[PDB]
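Notes follow the structure.
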Amino acid sequence: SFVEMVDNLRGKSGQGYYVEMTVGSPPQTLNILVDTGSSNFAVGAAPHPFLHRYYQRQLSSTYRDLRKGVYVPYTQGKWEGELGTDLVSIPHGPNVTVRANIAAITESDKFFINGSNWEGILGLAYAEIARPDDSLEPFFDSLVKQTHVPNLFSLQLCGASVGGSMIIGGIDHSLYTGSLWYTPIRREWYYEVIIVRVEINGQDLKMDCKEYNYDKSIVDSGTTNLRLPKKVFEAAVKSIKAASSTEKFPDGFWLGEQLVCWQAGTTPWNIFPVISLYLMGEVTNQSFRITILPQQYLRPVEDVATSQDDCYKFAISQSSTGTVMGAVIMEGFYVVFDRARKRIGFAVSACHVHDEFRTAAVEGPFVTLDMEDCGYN
Ligand SMILES: CC(C)(C)c1cccc(CN[C@H]2C[S@@](=O)C[C@@H](Cc3cc(F)c(N)c(OC(C(F)(F)F)C(F)(F)F)c3)[C@@H]2O)c1
């Protein structure tokens, strides 16, 4: 029954992927950002310059006030509001209705994005990181508890104005090619995984693998970039600089500030290396790798001048909260959040990114000793 959910995601580049939902009785329609990096379901519930519509609790006969406040600080942006519950549906999702916790957003700072076309956020990670605390049941937990929808979902985020699929309750085999490879969810709070090796253009970075997961590695559809811990970021940039030294770049480009352009159609893709992340596998001493093409970490942005060149921003950036595998890693992969079996699956997406002589890949098996030592404590 998954064909009804194919292509149920939309978005604008760098502004996230959202799915249509309805809340309340009668149903109020809102676009909701899908975010595996948080665990709160929250919606605009009051006028805001960037909102063209919002949730109106007074108009819903099924609304219940929980008479308790709440706020959530993200990396950038935050909101506060009122907790309550209401009936929620996903039109292009499973044919069910659930009563879910909803944070009605009454105030916010840099949360909503001008022109993003979404009015709320769907936190799909675990109760452990819910605000105010882990007793506030996340939406997907409610869905699974109240219905017969199996305890997993999958995301196919496609690049170029963007679209994708959130298959709720299963895996749609027409969305990927090749085999699915699975890495354990290390702990159910964020979708935390363990990176055991990193290579750039086939060359091992040769760092202590704990550095890759310091202080954690997570899969986060609410983040645009691949984000890397300071030491790893510097090693990666040094290596990517070396490989592309043929050309000169503004150092503000490597900081993700200045975009670089080339004459439309002449982007020197070949001088930018592929990046391979090796993830812990399902059996002893076994891992697998996902390989990212430059077409994924050089994100296309519109011309800041009058010309019609191809311009790009460097979409790898430094993190102080661990590795974040954001949308640009997830794009061109089919990612399965298999909560029931505590694992995340990766396969080459059907909407995979193209290079002339190179291809994004998910490959295994590999042997990797002492993978347990890669986890940071
Ligand atoms: C407390 C809590 C929630 C567990 C937490 C605190 C810090 C870091 C994290 C890890 N996950 C975070 C990383 S943060 O960069 C984005 C956040 C979700 C989010 C909040 C926002 F305000 C906005 N605008 C947003 O839109 C982005 C973008 F436009 F790129 F900003 C777009 F559009 F790309 F999606 C996305 C996600 O959840 C969780």
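What is reported rests on the model, the rules as stated and the sources as named; none is laboratory data. Every residue, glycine as well, gets a Cβ built from its backbone with ideal geometry; the counts of neighbours run over all protein chains shown.
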- prompt: In the stretch 130-158, which residues are away from the ligand (no atom under 16 Å from the Cβ) and in contact with a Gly (Cβ under 8 Å, 6 or more places away or on another chain)?
  reply: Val149, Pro150, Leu152, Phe153, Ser154, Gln156
message: Test of understanding: among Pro273, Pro250, which residue is surrounded by 15 or more Cβ atoms within 10 Å (Cβ to Cβ), over 30 Å from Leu124 (Cβ atoms), more than 16 Å from the ligand (Cβ to nearest atom) and assigned by CATH to the domain that holds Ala327?
response: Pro273
- request: Could you please tell me which pairs satisfy a Cβ distance under 8 Å, a separation of 6+ or placement on different chains, a first residue in the stretch 102-129 that is more than 8 Å from the ligand (Cβ to nearest atom), and a second residue that is among the acidic types (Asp, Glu) and assigned to a loop (DSSP other than H, G, I, E, B)?
  value: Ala127/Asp134; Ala127/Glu137; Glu128/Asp134
statement: Residues in the stretch 97-126 that are surrounded by fewer than 20 Cβ atoms within 10 Å (Cβ to Cβ) and either charged (D, E, K, R) or at positive phi (or both) total 6
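Out of the strands (runs of 3 or more DSSP E) lying entirely within the stretch 41-96, which hold 3 or more residues that are touching a strand residue (DSSP E or B) at 6+ places or on another chain (Cβ under 9 Å) and buried (at least 20 other Cβ atoms within 10 Å of the Cβ)?
Here the list reads 41-44, 78-89.
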- request: Filter the strands (runs of 3 or more DSSP E) completely within the stretch 119-190 down to those with at least 2 residues that are in the same structural domain as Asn40 (by CATH).
  value: 120-123
- prompt: Which residues, counting only those in the stretch 205-231, are more than 8 Å from the ligand (Cβ to nearest atom), part of a loop (DSSP other than H, G, I, E, B), within 12 Å of the chain's Cα centre (by Cα) and not polar (S, T, N, Q)?
  reply: none
task: Would you please name the residue that is farthest from the ligand (Cβ to nearest atom), looking only at residues in the stretch 291-326 that are hydrophobic (A, V, I, L, M, F, W, C) and closer than 13 Å to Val353 by Cα?
output: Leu293
message: Based on this model, can you work out whether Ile129 counts as surrounded by 13 or more Cβ atoms within 10 Å (Cβ to Cβ), within 19 Å of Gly24 (Cα to Cα) and out of contact with any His (no Cβ under 6 Å at 6 or more places or on another chain)?
response: no
